[PDB]
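Structural features, examined
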Amino acid sequence: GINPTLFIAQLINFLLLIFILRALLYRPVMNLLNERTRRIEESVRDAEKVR
Amino acid sequence: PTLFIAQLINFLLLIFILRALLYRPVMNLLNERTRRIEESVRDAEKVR
Amino acid sequence: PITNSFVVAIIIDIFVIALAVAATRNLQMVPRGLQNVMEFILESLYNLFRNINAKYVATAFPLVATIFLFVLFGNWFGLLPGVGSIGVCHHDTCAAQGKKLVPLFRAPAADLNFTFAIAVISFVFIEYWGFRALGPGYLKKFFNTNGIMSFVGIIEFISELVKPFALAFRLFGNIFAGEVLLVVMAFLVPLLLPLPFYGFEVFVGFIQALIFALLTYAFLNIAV
Amino acid sequence: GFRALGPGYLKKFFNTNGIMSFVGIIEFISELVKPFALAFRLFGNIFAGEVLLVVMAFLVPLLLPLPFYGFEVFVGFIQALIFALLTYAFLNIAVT
Amino acid sequence: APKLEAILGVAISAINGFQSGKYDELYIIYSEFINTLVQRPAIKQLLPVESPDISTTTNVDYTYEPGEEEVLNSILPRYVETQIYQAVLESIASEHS
Amino acid sequence: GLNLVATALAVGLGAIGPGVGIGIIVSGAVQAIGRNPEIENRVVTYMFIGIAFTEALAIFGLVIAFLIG
Amino acid sequence: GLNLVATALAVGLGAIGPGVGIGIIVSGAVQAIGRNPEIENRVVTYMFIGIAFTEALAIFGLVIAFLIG
Amino acid sequence: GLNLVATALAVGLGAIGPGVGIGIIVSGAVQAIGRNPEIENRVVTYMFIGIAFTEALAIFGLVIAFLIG
Amino acid sequence: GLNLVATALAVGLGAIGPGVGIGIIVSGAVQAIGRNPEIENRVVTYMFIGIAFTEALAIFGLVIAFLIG
Amino acid sequence: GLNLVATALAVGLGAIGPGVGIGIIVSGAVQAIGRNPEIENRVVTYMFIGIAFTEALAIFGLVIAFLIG
Amino acid sequence: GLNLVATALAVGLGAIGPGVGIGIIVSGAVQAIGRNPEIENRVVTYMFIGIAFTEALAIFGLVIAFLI
Amino acid sequence: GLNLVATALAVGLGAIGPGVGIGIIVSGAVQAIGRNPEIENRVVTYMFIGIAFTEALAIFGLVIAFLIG
Amino acid sequence: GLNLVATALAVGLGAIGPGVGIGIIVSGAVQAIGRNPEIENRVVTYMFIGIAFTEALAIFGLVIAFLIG
Amino acid sequence: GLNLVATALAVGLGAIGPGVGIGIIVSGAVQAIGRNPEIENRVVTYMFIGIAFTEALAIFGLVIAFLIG
Amino acid sequence: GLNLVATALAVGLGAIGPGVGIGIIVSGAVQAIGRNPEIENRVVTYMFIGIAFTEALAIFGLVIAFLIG
Amino acid sequence: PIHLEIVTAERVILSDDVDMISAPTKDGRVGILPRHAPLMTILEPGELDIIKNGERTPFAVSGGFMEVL
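Each chain carries its own residue count, running from 1 in the order of its written sequence; this scheme can depart from the entry numbering, and residues that have no coordinates do not appear. Chains and ligands are labelled sequentially in the order written, the chains with letters from A and the ligands with numbers from 1. What you see is one piece of a larger assembly, and the values refer to that piece, not the whole. Only hydrogens and water are set aside when side-chain values are computed; all heavy atoms of the structure are taken into account. Residues with missing side-chain atoms are left out of burial classes, side-chain pairs and their counts.

Let's shift gears to the interface of chain N and chain O. Any pair of residues with heavy atoms lying within 4.5 Å of one another is described as a contacting pair. Each partner contributes to the interface: chain N provides 35 residues, whereas chain O provides 34 residues. For the side of chain N that touches chain O, the secondary-structure elements that each account for two or more residues are helix 1 (2–13), helix 2 (16–35) and helix 3 (40–68) of chain N. Each helix is a run of DSSP H or I of at least 4 residues and each strand a run of E of at least 2, with the numbering of both proceeding from the N terminus. Looking at the side of chain N that touches chain O element by element, the count peaks at 14 residues for helix 2 of chain N. Polarity classes work like this: nonpolar for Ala, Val, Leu, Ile, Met, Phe, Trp, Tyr, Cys and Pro, charged for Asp, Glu, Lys and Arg, and polar for all others, with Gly in that last group. Residue classes in the side of chain N that touches chain O are distributed as 24 nonpolar, eight polar and three charged.

Below, the structure written as structure tokens:
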């Protein structure tokens, strides 16, 4: 009906991939942080330069 | 099987057509992302 | 012991890991290439999750992304040549010393073992998320509250419980039916006949991969 | 329909090109069907009414069939009206 | 300061005449208020012949609950009445100037 | 008793469509006269024509069932 | 016992149609009435005519079933 | 065993029409209510008339099943 | 007596579809006439050819059942 | 095994109608609420009444299935 | 007599759906004509190419009925 | 093998109704959302109530089929 | 004759869904044309795509029937 | 061989409803998006879950067909 | 020959539903396109994915039919 | 959460923001929440319910041509 070893093999690999993605999510997190920080810096810089 | 070779050839041809179509949209998305990141980096450079 | 689907699942996981390593090896502004495509896909997934629920968009986002990537890899491998044609042996190529010619590459979704893991993970995550910020209210039937809502809550609770199992069964059925349709087209004609079905197979696989993540996010929003 | 519009009937007899060739045969079949359809319609709608009123007179003969008799009067009147109306409508569409 | 209800007795009559084929076209002559000192008579067309303005270019898609034809037949008379009311008020201002 | 099942099916099947057709015709005619009251006198004729077409199909089923019985 | 299943099939397949028929009749009638309750009798008359025809088909099924029953 | 199958069909079949007609009735009634709240009593009365007409066939099927039982 | 069941199924299943078809035809015709009273002379032509084709579809099954009879 | 088939027929056929009826009811009620939110209370009450009717008609088959089983 | 019931089922089930198809086609055509009589020349042609395709399956059913 | 046919019939016939019901529910809910999105939080609740009712009927059929199996 | 009834059932049932689908396709396309003649070829392409899909399903049914017969 | 016809019946009757439901869902969603383009974000997110709910019944039918096979 | 009728029933029932679903999808999509040709590609993408999902059930039924045949 | 302009030819009475507004449309009463899809409509004599932050002020409107965005 179901292979007991197949479930363990899938679960371990999925957990390892999720753990890598969490570390790899810091890379996407940094990319999004740079993308948002461009506008964050601009929101202050434009008004400061105008004044 | 013997005919399975040609059947899988047809299936892989369809899969490769789909992959090429996705890569073309993927390439367009990458080009748009590069164009937008140009302005995103320009905003930070102009602020600095 | 291990099955043929386990090897293909390991191959898909290894391919995903290699793609992630390649994307993260050279991280720079204005990506262009495989890294750019991966970033665009992740951004689209995040936007869809925010449309569903921005509060929990990043809560289980890594798990949903991993599940979607695994589903996409399995769907791509299902239509790839060499799956179901190469027999390990435990007219056909392995006719001599018959051993049923077990296929070398079996789709990870096409087995009830790997698919059930996704349902278990989704159900556990949904229940935990619902009960963390709701307590008894997450599973509360509202006994004789909203016109004896107890019955309404019951049927709804049963449907919510069956939802993850339903999704896993849907993925397994889709993968198995794609493989069986490919085999049927193989038997019907040798070449050029299976193009209309094979082309739609990849689209159906991608649609199911997106639908799994969308359904998980929407169920969590409902759980929230 | 032969007296008016000429004896052509190319719309239902035969057509050279286009789907009208396929349409024409179906029109002829339906035209042939029409008289049999009308005959069976009227015959059945009166005979079944007779059967129903008789067999309702068999079971609980009294005071139950009062509305069904009036309904059967309405059925007969509607059948008489529609037979004439469909005859004239078929005449007009054949003229067209 | 006339009210739009005061113009109905003429505007509805003109619109009914146009609807019934009695009049094939409709015009209005009013005193345009160019300046506080300068005023000239003006001619305007009352059959709509509407302008392909930015709105006409605007492709915002709509939903017409009573129906597109019904909304059209109910709004054209009111648009014409609004035009006539604008002309009458313009003429009152030009009269006083 | 296969004749019993035959006459049961001849009337049971063949009357499903007539009922839905009668309902559709009645709803359409009622809505049309509600929108257009004055054409009721002219359009009730076609309403009854459609209703009688549906009842004619039902009657074909009925008479065939009776013949089988 | 085939008379029993014959009767059940006759009743069921003669009742599934008329139910939808009367449902559409009443839905169309109430929708039209809500659109303009001013004209009421000249709509309810045809509503009841349709209901009577549909229920007559239902009773045709009922009586032909009772014949076997 | 036929008797049991006939009971199942009589209960099962013959309730589909009186499962969809009632739904169409209620949908039309609520649509009219949203389109016209001040006509609630009239539309609800006619909705109950339709519901009674449909439940008549439903109860006919149910009692026929009980007789078959 | 399998021929009796054959004729019953033919007649029953050759009318449930055409009945709904005719209902949809003349309901759409009535609604269109109510919306557009001016155009009636030629739309009834298309309505009636549709009715004729649907009736021919039903009478095909009826005639097949009569042949079997 | 004929009583098992009877139970299957009772359960399966007893939900075809009520499911579609509940669906049509909820669709109409939600469309009306979107059209008019302020009539939500009355629309929901009538929606519950209709859904209760359909649910009772489904339970009519469910109880018979339980009794046979 | 399985041939008889076979032909019966073929004709009946080939008349079930295509009849509704004819009906929906004609209803849509009449609605379009009522909304726009001036598009008659093309819309009736579209209706005819549709109705031929819809009747094709009924013709197939009748052919199979006659073959049996 | 009559148990197998019973499971097949139950699973089939207990899904055809709820499927169409869920489809109608979702279509109506999406139409209402298109009409007004701000009523999403209020219409989604009743949409899920209807979906739960239909799925409860379907799961009842599936569970009875599993018991037979 | 089980082969004959199998072939007949295949052809007859396979013609239902495609027929209704083609009908709905043509009705929707025609209504769109009536509301928008300027998008004629663009919507006709999609109408033909849908008709081709339905005809492909019907051809699958017919070829299965031919293989059985 | 009754298992073969059992599984065929299961897979067959597991599809006639969910297909119609999914089609209604997609048609309503596309219409809503046409009415309101910018609310496609919240229309599609509900359309997909509705399609999943509707297809769950078909998936139950298929898995039961596999088990019977 | 029970396998033959099983295959026939499977193909027919797997063609009944998806045809109607595809038809409704295409009708709604073309209606939206006529209403709003400006988002033709956007709605047509949803149309194709819906058509694929609807055809999925037909493919499943045809696959099981081939397996039996 | 949207700005409503109560515009009369004589004067503009209100150009304020309104939480909720109910349109007495010809076909039936409608309610509008801020992100309503585009719509044009013909109002009727009745009450215009300017529901602003919980207070329903019924404004008598003898006619309207309400534009929604």
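Still more to cover.
What follows covers the sheet that holds strand 6 (residues 29–32) of chain P. Residues and elements named next belong to chain P. Two strands are counted as paired when DSSP detects at least two bridges linking them. An order of 6-5-8-9 is seen for the four strands of this open sheet, with the pairing classed as antiparallel. Every interior strand has two partners, whereas the edge strands, strand 6 and strand 9 (55–61), have only one. Each strand of the sheet is rotated relative to its neighbour by a mean of 20°, with strand direction disregarded. In this structure, strand 5 (residues 20–24) lies alongside strand 6, joined through four bridges in antiparallel fashion. By the bridge assignment for strand 6, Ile21 is matched with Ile32. Inter-axis angles, ranging from 0 to 180 degrees, are taken between N-to-C directions of lines fitted to C-alpha atoms, where helices are fitted over the stretch in contact.

Our next topic: the UniProt feature "transmembrane region" in chain K. All names here are of chain K. UniProt positions are given in the numbering used here, feature names are shortened, and annotations may be inferred rather than shown by experiment. UniProt records the feature "transmembrane region" for residues 5–25 and 48–68 in the present numbering. Regarding residues 5–25, the helix share stands at 100% and the strand share at 0%, and the terminal C-alpha atoms are separated by 30 Å. Spanning residues 48–68, this segment combines 95% helix with 0% strand, and its end C-alpha atoms are found 30 Å apart.

In this section: the packing of aromatic side chains. Working definition: rings of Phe, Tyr and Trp (its six-membered ring) pair if their centres are within 6.5 Å, and the pair is stacked with planes under 30 degrees apart, edge-to-face with planes over 60 apart, and tilted otherwise. With a centroid separation of 6.3 Å and an interplanar angle of 35°, the aromatic rings of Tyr62 of chain E and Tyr64 of chain E are classed as tilted. Here the aromatic rings of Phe48 of chain G and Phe53 of chain H are separated by 6.4 Å at their centres, their planes lie at 75°, and the arrangement is edge-to-face. Linking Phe48 of chain G in helix 2 (residues 41–68) with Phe53 of chain H in helix 3 (residues 40–68), this pair reaches from one chain into another.

Right, let's talk about the pairing of strand 9 of chain P for a bit. Residue and element names in this part refer to chain P. Looking at chain direction, strand 8 (residues 46–52) and strand 9 are connected through seven bridges and run antiparallel. Considered in strand 9, the bridge of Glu47 is made with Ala60. Between strand 8 and strand 9, which pair antiparallel in sequence order, lie two residues; one of them, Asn53, sits at a positive phi of approximately 55°.

This part is about the packing of helix 1 (residues 2–35) of chain G against helix 2 of chain G. Residues and elements named next belong to chain G. Two elements in contact, helix 1 and helix 2, have axes separated by 8 Å at closest approach and are oriented at 175°. In terms of axis orientation, helix 1 runs roughly antiparallel to helix 2. Tallied by class, the residues present in the contact of helix 1 with helix 2 amount to 16 nonpolar, six polar and one charged. Orientation is classified from the angle alone, with under 35 degrees giving roughly parallel, over 145 giving roughly antiparallel, 65 to 115 giving roughly perpendicular, and any other angle giving oblique.

What follows is about the pairing of strand 2 (residues 39–45) of chain E. All names here are of chain E. Inspection of the sheet shows strand 1 (residues 27–33) paired to strand 2 by seven bridges, in the antiparallel sense. For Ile29, the partnering residue across the bridge sits in strand 2 and is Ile43. Taking the residues that link successive antiparallel strands as the turn, the strand 1-strand 2 hairpin has five residues.

Our next topic: the environment of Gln83 of chain E. Residue and element names in this part refer to chain E. Relative to the elements of secondary structure, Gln83 occurs in helix 3 (residues 68–96). In the structure, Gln83 is positioned 39 residues away from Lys44 in sequence and 9.4 Å away in space, judged by C-alpha atoms. Non-local contacts of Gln83, meaning those with residues more than four positions away in its chain, are made with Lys44 and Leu46.

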